[PDB]
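Here's the structure we're looking at; comments come further down.
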Amino acid sequence: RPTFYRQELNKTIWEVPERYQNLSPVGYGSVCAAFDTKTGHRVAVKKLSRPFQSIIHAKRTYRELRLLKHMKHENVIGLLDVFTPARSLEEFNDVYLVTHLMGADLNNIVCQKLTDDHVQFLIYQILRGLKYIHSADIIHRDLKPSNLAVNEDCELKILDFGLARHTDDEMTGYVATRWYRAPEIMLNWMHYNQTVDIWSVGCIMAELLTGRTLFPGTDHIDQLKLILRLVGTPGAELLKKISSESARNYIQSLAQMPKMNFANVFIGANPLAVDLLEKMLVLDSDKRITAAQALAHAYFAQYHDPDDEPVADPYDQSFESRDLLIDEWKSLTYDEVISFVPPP
Ligand SMILES: N#CCC(=O)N1CCC(Cc2ccccc2)CC1
Ligand SMILES: [Cl-]
Ligand SMILES: [Cl-]
Ligand SMILES: [Cl-]
Ligand SMILES: [Cl-]
Ligand SMILES: [Cl-]
Ligand SMILES: [Mg+2]
Numbered sequence: 005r006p007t008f009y010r011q012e013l014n015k016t017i018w019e020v021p022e023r024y025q026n027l028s029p030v031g035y036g037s038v039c040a041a042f043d044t045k046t047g048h049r050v051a052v053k054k055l056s057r058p059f060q061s062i063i064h065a066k067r068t069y070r071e072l073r074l075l076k077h078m079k080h081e082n083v084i085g086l087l088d089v090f091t092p093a094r095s096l097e098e099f100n101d102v103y104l105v106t107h108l109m110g111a112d113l114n115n116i117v119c120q121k122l123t124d125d126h127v128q129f130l131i132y133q134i135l136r137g138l139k140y141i142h143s144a145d146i147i148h149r150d151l152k153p154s155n156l157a158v159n160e161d162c163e164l165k166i167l168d169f170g171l172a173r174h175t176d177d178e179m180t181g182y183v184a185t186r187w188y189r190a191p192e193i194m195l196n197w198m199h200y201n202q203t204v205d206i207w208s209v210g211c212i213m214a215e216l217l218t219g220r221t222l223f224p225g226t227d228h229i230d231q232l233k234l235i236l237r238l239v240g241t242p243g244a245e246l247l248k249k250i251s252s253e254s255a256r257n258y259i260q261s262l263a264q265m266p267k268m269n270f271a272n273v274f275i276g277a278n279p280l281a282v283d284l285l286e287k288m289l290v291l292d293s294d295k296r297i298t299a300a301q302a303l304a305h306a307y308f309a310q311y312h313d314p315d316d317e318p319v320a321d322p323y324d325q326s327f328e329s330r331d332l333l334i335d336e337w338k339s340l341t342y343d344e345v346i347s348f349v350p351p352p
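Numbered by full-length UniProt numbering, the letters in the sequence shown go through residues 5 to 31, 35 to 117, 119 to 352 in order.
In structure tokens form, the structure reads like this:
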């Protein structure tokens with residue numbers, strides 16, 4: 005057990021191992040930047056807020072820790088350390104998580121339009137991380153520019169996985185929290201799968217090429233109209249797959265529209281980028297290109313290396329179907345904290 009020291013930082017008591025120095029607030036939980044004397048990295052340290060205050064909150068704490076312990080990929084957020092000052096389960100109350108310090112997201116780098125070579129490299133890295141995530145049967149569910157960390161060398165990491173249901177008010181109105189969401193999940197058309205993340209990549213790619221949000225709807229229905237104007241109204245094949253009869257009825261109330269010509273929307277763009285966008289932004293989620301397929305698309309010929317695009321170890325999510333008490337979720341979390349093995 006390392007030696008811990010205490011300090012108060014913006015109305016919060018922090019107790020951390022001596023290896024972490026020069027703590028400075030940067031902003035669920037509270038987050039500080041620090042210097043890790045063991046590895047030489049600048050790191051981000053997150054102290055969880057009220058991790059075991061309800062059943063829902065205890066299960067969410069366990070969910071996040073299981074996920075972060077599993078993700079080991081250059082283009083995905085990973086765990087450098089996890090610790091608690093408690094010396095036993097009976098006194099266990101706080102959880103701290105440590106990862107690399109990531110001070111900028113895709114927004115801060117990019119209302120701006122990038123060169124085609126930058127777009128190739130950034131989207132390639134998102135898809136390389138997604139092939140890894142999807143290989144473990146994980147769905148991110150909330151891909152958007154603010155959830156993509158980028159550094160000075162244009163290197164990218166995916167973070168802030170969907171860990172809980174978003175509130176109804178969070179998704180209301182003219183908000184970027186909804187603009188990158190696949191239509192089938194935005195309107196609850198059907199049981200969704202990993203293809204929802206590819207829709208989000210297409211929205212992000214279009215915005216990097218044009219400098220403009222692709223579907224900036226003022227509400228759910230205005231956004232659906234923007235989407236159907238570009239990709240066309242559904243035919244009977246897709247309508248049958250929409251399980252809600254009321255959502256089916258609404259769609260059939262709309263005047264039919266053909267798919268638009270994407271070369272006349274993304275004027276001047278690389279024709280290979282135009283082709284890839286057509287394969288991502290397909291209304292029927294069964295027919296969208298997968299991450300593994302997209303990495304082999306000719307747009308990425310300068311970066312694609314099939315021997316350097318790894319998959320993940322399998323990931324057991326059976327706990328999601330389990331109903332447990334607060335103290336049981338808390339004891340599972342304690343076990344995962346003390347069994348952590350740091351990376352090389
Ligand atoms: N500067 C700044 C922000 C920053 O460095 N990033 C965004 C916030 C996350 C928080 C976090 C920490 C540990 C485990 C999971 C999540 C860290 C990376
Ligand atoms: Cl230490
Ligand atoms: Cl990381
Ligand atoms: Cl504690
Ligand atoms: Cl965003
Ligand atoms: Cl597992
Ligand atoms: Mg975020």
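All C-beta atoms, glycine included, are put in the ideal place defined by N, C-alpha and C.
So, with DSSP's three-state summary, where would you put residue i?
i	result
residue 145	coil
residue 259	helix
residue 86	coil
residue 137	helix
residue 22	coil
residue 173	coil
residue 9	strand
residue 127	helix
residue 153	helix
residue 266	coil
With hydrogens ignored, establish whether the beta-carbon of residue i is closer than 8 Å to any heavy atom of ligand 4.
i	result
residue 97	no
residue 185	no
residue 91	yes
residue 343	no
Is there at least one non-hydrogen atom of ligand 1 closer than 8 Å to the beta-carbon of residue i?
i	result
residue 157	yes
residue 40	yes
residue 78	no
residue 48	no
For the alpha helix (DSSP H) that contains residue i, what are its first and last residues?
i	result
residue 355	An answer regarding residue 355 cannot be provided, because it is not within the stretch 5 to 352 covered by the chain.
residue 339	334-346
residue 70	62-77
residue 53	No alpha helix (DSSP H) holds residue 53; the beta strand (DSSP E) holding it covers 49-55.
residue 247	244-247
residue 228	228-239
residue 118	Coordinates for residue 118 are absent, as the chain skips straight from 117 to 119.
residue 114	113-116
residue 193	191-194
Tell me whether residue i, by its Cβ, gets closer than 8 Å to a heavy atom of ligand 6.
i	result
residue 322	yes
Does residue i pass the burial test, meaning 16 or more other C-beta atoms within 10 Å, or should it be called exposed?
i	result
residue 39	buried
residue 54	buried
residue 186	buried
residue 145	exposed
residue 190	buried
Could you check if residue i belongs to the surroundings of ligand 3, using beta carbon to heavy atom distance under 8 Å?
i	result
residue 74	no
residue 141	no
residue 53	no
Is residue i near ligand 5, judged by its Cβ being under 8 Å from some heavy atom?
i	result
residue 261	no
residue 115	no
residue 58	no
residue 153	yes
residue 188	yes
Following the continuous beta strand (DSSP E) through residue i, name the residue where it begins and the one where it ends.
i	result
residue 107	103-107
residue 165	164-166
residue 43	36-43
residue 157	156-158
Is it the case that the CB of residue i approaches a heavy atom of ligand 2 more closely than 8 Å?
i	result
residue 6	yes
residue 173	no
For residue i, is the beta carbon positioned less than 8 Å from some heavy atom of ligand 7?
i	result
residue 168	yes
Notebook entry, point to check: Residue ranges of each beta strand (DSSP E) run of no fewer than 3 residues wholly in the segment 271-331, ordered along the chain?
Noted result: Along the segment 271-331, the beta strand (DSSP E) does not occur as any fully enclosed run of 3 or more residues.
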